[PDB]
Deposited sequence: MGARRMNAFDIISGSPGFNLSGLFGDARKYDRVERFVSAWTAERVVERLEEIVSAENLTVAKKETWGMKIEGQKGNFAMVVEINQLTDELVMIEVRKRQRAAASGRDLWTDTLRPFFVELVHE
């Protein structure tokens, strides 16, 4: 399977009405990263980061992973789908209770470095 144009459109962070409900949203708006990495390699590297940075794997499934840290302060759901023969779409939904930090300095830069 390869995702189609309407997966891109319908899942875009601004193409829904969730903003109407403000703080009721559990996760921040989805952050998407398009990469030529394989899903298996993305998961492998995430597991290395989990081991190095004192995180927890809440879920590891065919669709991706849920990673937690900091005694309930941080969580992210990472979904990986094939976009083209060459590229995956990585969708990251995260929440952070507290206002450098894990997400800014380590996790988000990892996703950015995947991009290609």
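Residues of the deposited sequence with no modelled C-alpha atom fall in the ranges 1-3, 103-105, 123.
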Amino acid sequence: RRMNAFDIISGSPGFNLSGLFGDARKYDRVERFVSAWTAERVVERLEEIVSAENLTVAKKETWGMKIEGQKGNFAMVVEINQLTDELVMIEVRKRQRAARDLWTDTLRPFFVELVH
From here on, numbers count along this sequence of modelled residues.
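For the pair 22-30 and 63-71, the mean Cα B-factor is higher in 22-30. Residue 3: CA B factor lies in the highest third for its chain, per the PDB record. Ranked within its chain, residue 107 lands in the middle third, by CA B factor from the PDB record.
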